[PDB]
Protein chains: 4
Amino acid sequence: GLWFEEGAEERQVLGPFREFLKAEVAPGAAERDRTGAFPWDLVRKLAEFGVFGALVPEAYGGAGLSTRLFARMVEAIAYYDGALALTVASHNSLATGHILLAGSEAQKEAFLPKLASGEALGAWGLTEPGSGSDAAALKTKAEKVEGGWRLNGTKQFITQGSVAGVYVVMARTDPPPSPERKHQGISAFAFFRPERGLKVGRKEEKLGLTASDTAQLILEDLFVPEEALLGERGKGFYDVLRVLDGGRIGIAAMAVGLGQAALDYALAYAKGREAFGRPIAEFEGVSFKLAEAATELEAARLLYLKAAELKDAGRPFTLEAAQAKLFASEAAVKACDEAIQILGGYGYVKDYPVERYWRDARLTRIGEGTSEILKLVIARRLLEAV
Amino acid sequence: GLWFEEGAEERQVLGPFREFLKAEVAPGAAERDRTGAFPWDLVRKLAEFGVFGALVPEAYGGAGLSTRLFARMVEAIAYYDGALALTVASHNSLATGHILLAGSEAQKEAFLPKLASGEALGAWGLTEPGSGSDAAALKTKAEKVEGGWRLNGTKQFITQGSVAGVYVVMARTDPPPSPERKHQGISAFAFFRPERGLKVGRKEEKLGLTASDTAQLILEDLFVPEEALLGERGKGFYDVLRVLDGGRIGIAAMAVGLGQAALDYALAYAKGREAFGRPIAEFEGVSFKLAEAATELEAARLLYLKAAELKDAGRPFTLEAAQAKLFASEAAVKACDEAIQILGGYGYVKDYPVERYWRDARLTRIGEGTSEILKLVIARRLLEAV
Amino acid sequence: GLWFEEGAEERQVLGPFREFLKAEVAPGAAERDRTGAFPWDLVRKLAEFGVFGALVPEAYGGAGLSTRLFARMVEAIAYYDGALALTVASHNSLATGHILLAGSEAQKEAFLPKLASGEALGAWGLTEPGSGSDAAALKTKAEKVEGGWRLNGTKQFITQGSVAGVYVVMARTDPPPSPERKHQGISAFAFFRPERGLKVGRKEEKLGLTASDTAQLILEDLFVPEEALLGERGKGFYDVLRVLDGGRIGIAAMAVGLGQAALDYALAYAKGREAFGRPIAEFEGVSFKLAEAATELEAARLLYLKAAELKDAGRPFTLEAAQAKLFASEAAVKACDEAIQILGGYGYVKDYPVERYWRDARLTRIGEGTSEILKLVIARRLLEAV
Amino acid sequence: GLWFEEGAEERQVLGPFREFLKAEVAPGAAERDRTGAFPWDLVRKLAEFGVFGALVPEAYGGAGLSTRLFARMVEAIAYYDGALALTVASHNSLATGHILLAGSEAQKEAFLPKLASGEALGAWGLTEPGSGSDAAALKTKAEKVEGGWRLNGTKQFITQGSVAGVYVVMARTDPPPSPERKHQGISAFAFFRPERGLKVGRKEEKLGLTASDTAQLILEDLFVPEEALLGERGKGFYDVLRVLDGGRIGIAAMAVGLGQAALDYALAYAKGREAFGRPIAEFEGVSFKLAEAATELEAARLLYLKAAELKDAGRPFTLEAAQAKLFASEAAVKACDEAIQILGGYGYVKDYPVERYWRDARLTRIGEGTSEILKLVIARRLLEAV
Ligand SMILES: Cc1cc2nc3c(=O)[nH]c(=O)nc-3n(C[C@H](O)[C@H](O)[C@H](O)COP(=O)(O)OP(=O)(O)OC[C@H]3O[C@@H](n4cnc5c(N)ncnc54)[C@H](O)[C@@H]3O)c2cc1C
Ligand SMILES: Cc1cc2nc3c(=O)[nH]c(=O)nc-3n(C[C@H](O)[C@H](O)[C@H](O)COP(=O)(O)OP(=O)(O)OC[C@H]3O[C@@H](n4cnc5c(N)ncnc54)[C@H](O)[C@@H]3O)c2cc1C
Ligand SMILES: Cc1cc2nc3c(=O)[nH]c(=O)nc-3n(C[C@H](O)[C@H](O)[C@H](O)COP(=O)(O)OP(=O)(O)OC[C@H]3O[C@@H](n4cnc5c(N)ncnc54)[C@H](O)[C@@H]3O)c2cc1C
Ligand SMILES: Cc1cc2nc3c(=O)[nH]c(=O)nc-3n(C[C@H](O)[C@H](O)[C@H](O)COP(=O)(O)OP(=O)(O)OC[C@H]3O[C@@H](n4cnc5c(N)ncnc54)[C@H](O)[C@@H]3O)c2cc1C
């Protein structure tokens, strides 16, 4: 069909997928938000579908899907369970994506098959206690030893950090030429869950996405073989930025899914709830919110589809991925907040899903580049183009 | 001192009060947000101070404070514990306020002393499952019987609903002349916790203000004596509106307190957290948020002080109370959301208080008149004045 | 290349078109904004580009272009002269579009060739002094007489009202079945500039779009032949609604053009203007404004391209055209206001074009359905879909 | 009565003042916006009200009014004529205020009587073509010569620049110790309109405030006596900062006046204009805009009254004046834009005053410190307080 809508082939995949989500994922979303229990059962079931190898080429045991279709799949998952959407998006975009992007043929044959089947979930460790937005300020170090490297440092807020079977960690291998250029000298390392040298820190409770595994990683004299070095030594940061460009498309889709769920719930609610003798949807104070949210969410969807298209075409998309994530996350969180408002007192109670949608969506304005950082990324590119 | 700042007499009360809050209330705020355990210990300690009889005249065993001072006290409590602030604000403004406003000398001597000492917490039941914003659409009925009345109906989201010793419930005693004028025929009833006829429904879990008691009340053939009728029969709605005007000043103050706590935390954090070689407070993306929030919160404070002043002067303040609550709640929630953003990933974790500040403040845009309802109230008054 | 980009065919047309605009239209834009002198000379030259018969089939002497290409052409014109863009958009979308939509073969052969060549500009009269948003409340009457009709009424703010050679006027021919169905009974009439019966009222000075011809039309027992009736008698308002859907796509494009011009100017200015030792573009207070505007403008463009595509595909597009116009107009006006701010004092002086961009763009949130009306159109469609 | 209301004394002054404004100023406001003709006649009459020497002590021939009363007077003027309000505010706050602040007894006796009577209007020249927000980067030089100084430089956008009888110009007299301390070495010079050495450049057309005199000043080896030095040599910028604090209070009041005029007009219009069978004020899309604007404008007024009070009390008010100006200007411009929207097409025509209100108010977010600069001033004060 038309570029902006789901084509026949996309519907053939997404239609059945959405029914699976409604039947198997939706029922326990509220409970998972309360308990935080990692959904191993659903991971297993999704993995059997190839969801955890979505972007991985079929040659490596993956589904070989396009960025566009995978993004739509993430939106679909997020509509029913934000935590699961983050689990799926991060696994595919970050750890797996980085190995697919910079891995040698040997590394891709060793890691990709296990990641694509779900046998091994992937964790991507960039952020640290002292550095997030300024990611190049990381302090984890990698020193050269006989047979490989010795890693020492701490990673903060790592998704799948405690359940991962494969880890990709960024560490400094060489001194930076200057503080302005501290990105130089950083390398990436890919390795299977260590027998020793890696421990999970005190788990933090989160505002939302309860069931998503987020943990602190403490690396103490962790040994990794020579084959662990991912990409060229000291040039890992450029690769990190390319990985985040792709990851941002997934987060944009995640945001749209959560915002759409909130809008859909508010629309249905406003049509059935009456006040002053008529459905509240008849008051502009409610209908205008619905119209604005619907419009912004459609705009956000078009933006992430555009970014995905550029990536699928092998063209630069840094600016476009940033714009998509920025707009989708900001619009989605606003839509969720308006949905809470439309339900009134009921929007403040956990028996209804809207308060969870907001709590889950709220992280999309922070993860993989805060909205502030993205505005810098966007402005810089705009100014360069004069 | 100058009208807009705390005078010497106000500081004499608030200064020591704030230290008490820092030492006895602040320490357990996070735990109460997780467990929802009603703070009986703190209620007892505050009650000994007269906090639960703040507006009640000294003749009835109250503290006889001004609306202005009580509002500042609510802001102070909210700064450290939103749930406790709501408990204090609702008890004083609604149940107690309604009895003080419309009670006969006999009723005030019977109820006020117990409410002012905290021996009896007050619950005010207006809202029902089918009516909130359109409060005059309530369905609870009061039928005249020998010796008094028989009440039947359900109240929704009632603060102190399960722990109250005194209840004030609104019910229809006479048929409305028309749907446009359904407010006519509604009466208010004040009574001590019933030996029978009243039961607490399934408790709902909330987005925030966890430790604040919120319950559904089910009235089944509840008998109340003739002396229970509060105000004139069928004219209780006008009184309800006057009670809400006063209550809105307290909620405005509550919002300001929560927003100020968020701003203060973000300011301190931004000064100590460094990125790209400098405190993040040095980046306009952060400092502009701080400046805007500080400015809006000060404006909100001036607005609630103005409303309080008018009430203390015995002058109309419906428009002013609505403006104060509308602006304070909207500004406070925005400030809290910006504080989450400034802390970044840390703003999304429960080890820090900012995510709780937002969750607690979020109800202020809904309770005692949603922002939408308040805009209607304000616009109507503006248009009447031409 | 990709759907959202200009295709090979589009570039071959838009490339030289833009060159013409920069050389012949841009130079006098500022002067026209000051004098309001209608650009008859530019109209003649533009007519050569197919621009005054863009959507009219080649059979009737038009250019036979797609809605998508025409929309891009309107954005291009708007980038350099907002008044000219409105002249082109209205002529094509309203008067011409209505005749193309409901005209009989005889009417199309008689009117379209003259409109499509620019020899006769078209004016569309719907709005009246007492009705705009509530367009079906028009009072202009059309009484049936021997061999035709006699029209009496006043039309307000009609584009091309004083310079038009062809007029399309909506007038009531039959009584409305009920006040709720007042849209029934309205007919459309197409006719050439009469010798009498039509006079132009006191010209009003406008905030922007100075050179765009806007006038009040006073119909005084204006006679029109039987052949003047456009569409089915009493079904004129239905055609009007269809005409507005198409028109809104053009206004959305117009808005994007003006907003893009403001953004581009602000970007160039911020890169060259220094303060405190560096380009002001290096301060986030400035760069964040630029990033947000750019993000919203690109979403707005995607929205109008989507609406144009649906129209070209013969599919429903009422909802989509409303979303495009609403989003684009609101985003463009904000971007223009931000540009004024970025230029500081220079943004307040007419020597620079940004203040004009805002004044011109400001009408896009009002014309062809105010933003408020569009939110209603949007909400209704969303709710009807359940 | 209450602090925030007009006191007995204020009403006795403002009552007749407002009557004068409505009778003598309001009638020609629209015409002056079209012609830009400086209102010399109104200046003479206003001078009678003490308005051109409002803050000047009676000893020096002034009115000896409080900052609070003067601020209310500026709001009153702005309500009817924005250009006149700027003329009064700038004359009083800048040129006159600077001489009153740093002038010696001899300078005050020589300048103030003439400025305070309106016989000599005052121009304050700080801004230059290359420096505005970064005011300390001024390039105008003051070389020491026999019996005085010789000034060379260009001043940009100077209010009263071409009609002033007294000029206060900032020029560098000594080299800056370092680029970071460039504010040191700047001096102020007060002098009467010279016979040569000062010429007015090409007048620029403005977006609004048409009748306000604004001009570029070219100083060409302009000689001024030793007595021209205002304040301590090289310490002129410190006085400049103090002058701006006071000026910002006046601009805040100006903004409130314009915003209030727009709000009042929109309220009256919405009550009388009907659509779809009822006053448009009955649609929340319109009434919510009115309620928000009214709420923000009253907060803005409270903020400027607070700042004025602190100044009158001899207490610090830098932070407060910045907050007042920032809030008032932003709120007023938004209210004016909403008024344009509420009038629909009529809001876009000059026959109605709302488009002028917006154009006039728009400068308040730029003059005497852009909103961006004010947020910096605010943030710095907040952070210094820890
Ligand atoms: C639930 C969750 C899951 C996550 N999963 C992963 C993961 O799987 N892998 C991984 O590596 N990381 C992960 N993260 C970390 C996340 O990427 C970082 O939190 C984020 O990139 C930076 O946030 P921060 O906490 O470092 O805040 P900071 O970087 O300290 O920033 C704090 C505030 O300062 C602002 N700021 C900083 N610099 C500037 C500037 N120059 N201009 C303007 N504003 C600025 C920021 O926008 C923010 O508002 C996760 C975080 C969370 C909460
Ligand atoms: C934690 C909590 C504590 C509370 N405590 C008390 C208490 O102590 N005592 C008590 O009596 N009640 C209490 N309430 C109830 C509260 O007052 C009501 O929820 C509120 O007044 C109305 O909300 P609602 O749930 O009825 O939503 P509704 O009234 O159904 O409204 C839903 C949405 O429609 C909007 N809307 C409705 N009408 C219009 C209109 N005409 N125009 C535009 N928009 C409209 C509302 O603004 C809202 O966005 C409490 C609620 C909560 C959540
Ligand atoms: C420069 C210019 C060119 C124009 N050219 C043409 C033309 O070529 N042909 C033509 O026929 N007309 C033309 N118009 C008129 C334009 O179409 C109308 O102005 C518009 O459709 C309705 O605006 P109005 O002035 O009637 O405002 P109103 O309809 O009176 O509305 C006033 C305010 O009330 C709001 N409002 C009204 N109803 C509701 C509601 N139900 N809910 C919420 N808000 C509501 C509106 O949004 C607006 O904010 C032009 C106008 C201008 C200024
Ligand atoms: C009608 C009018 C009357 C005036 N009257 C007077 C007068 O009487 N006397 C006088 O001396 N001047 C006067 N001015 C000038 C006015 O004071 C200056 O324009 C203003 O102080 C600075 O604006 P600028 O044009 O220099 O913009 P710039 O200083 O170049 O700033 C341009 C943009 O960059 C932003 N910016 C700059 N630095 C930063 C930063 N560090 N962080 C974030 N953003 C930044 C600004 O906010 C603005 O958005 C007047 C101007 C006008 C238009």
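The sequence lines fix the lettering, A, B, ..., with proteins before strands; numbering per chain opens at 1. All values below were derived from every heavy atom in this structure, side-chain atoms included, with hydrogens, water molecules and symmetry-related copies excluded.
- Salt bridge absent: A:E368 and A:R248 never bring a charged side-chain N and a carboxylate O closer than 4.0 Å.
- For the pair A:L303 and C:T295, the minimum side-chain heavy-atom distance is below 4.5 Å.
- With A:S212 as the partner, the side chain to side chain contact (heavy atoms under 4.5 Å, CB included) test is satisfied by one option alone out of A:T159, A:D360, A:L363: A:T159.
- Between A:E292 and C:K375, at least one side-chain nitrogen of the basic residue sits less than 4.0 Å from a carboxylate oxygen of the acidic one, meeting the salt-bridge criterion.
- Among pairs with a residue in residues 78-101 of chain A, those fulfilling salt bridge (charged side-chain N to carboxylate O under 4.0 Å, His left out) read A:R32-A:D81, at least two apart in sequence or across chains.
- By the 4.0 Å N-to-carboxylate-O rule, A:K206 lies too far from B:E355 to be salt-bridged with it.
- A cation-pi arrangement is found for A:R68 relative to A:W3, the charged atom lying closer than 6.0 Å to the ring centre and inside a 45° cone about the ring normal.
- Remark: A:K22 is not positioned above the aromatic ring of A:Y79, lacking an NZ or CZ atom under 6.0 angstrom from the ring centre and at most 45 degrees off the axis.
- When all heavy atoms of B:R359 and A:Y348 are compared, the closest pair comes out as O-OH, 2.6 Å.
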- Message: Test side chain to side chain contact (heavy atoms under 4.5 Å, CB included) on A:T154 and A:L217; report intermediate values, then the result.
- Response: CA-CA 6 Å; A:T154 304; A:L217 306 184; over 6 Å; no

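- By the neighbour-count criterion of 12 heavy atoms within 6.0 Å, atom NZ of A:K108 is densely surrounded, having more than that number from other residues, nucleotides or ligands.
- One finds no salt bridge joining A:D213 and A:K203 here, because no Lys/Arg side-chain nitrogen approaches an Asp/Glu carboxylate oxygen to under 4.0 Å.
- Here ring pair (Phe, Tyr, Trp, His ring centres under 6.0 Å) pairs that include residues 36-59 of chain A, with residues two or more places apart or in two chains, are A:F20-A:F49, A:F38-A:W40, A:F52-A:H91.
- In this structure, A:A190 and A:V168 approach most closely via the heavy-atom pair CB-CG2, 4.2 Å.
- Taking the side chain as every heavy atom from C-beta outward, A:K155 and A:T127 never approach each other to under 4.5 Å.
- Smallest separation of non-hydrogen atoms from C:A291 and A:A379: CB-N, 4.1 Å.
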- Task: Dump the intermediate steps for ring pair (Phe, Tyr, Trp, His ring centres under 6.0 Å) on A:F192 and A:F111, then the final yes or no.
- Result: CA-CA 8 Å; A:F192 285 109; A:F111 294 114; 4.7 Å; yes

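- By the 4.0 Å N-to-carboxylate-O rule, A:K45 lies too far from A:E48 to be salt-bridged with it.
- Enclosure of atom NZ in A:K235 is not indicated, since only 12 or fewer non-hydrogen atoms of other residues, nucleotides or ligands lie within 6.0 angstrom.
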For residues 313-322 of chain A, please give each side-chain donor-acceptor pair under 3.5 Å, one per line with the distance, not counting sequence neighbours.
from   : atom 1 : to     : atom 2 : distance (Å)
A:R315 : NH1    : C:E5   : OE1    : 2.7
A:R315 : NH1    : C:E5   : OE2    : 3.1
A:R315 : NH2    : C:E5   : OE2    : 2.5
A:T318 : OG1    : A:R242 : NH2    : 3.4
A:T318 : OG1    : A:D245 : OD2    : 2.7

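- Nearest heavy-atom pair, A:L258 versus A:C336, reported as atom, atom and distance to 0.1 Å: O-SG, 3.9 Å.
- Between A:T364 and A:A255, the shortest heavy-atom distance links the atoms OG1-CB, 3.7 Å.
- Residues B:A339 and B:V354 share a closest heavy-atom pair of CB-CG1, 4.2 Å.
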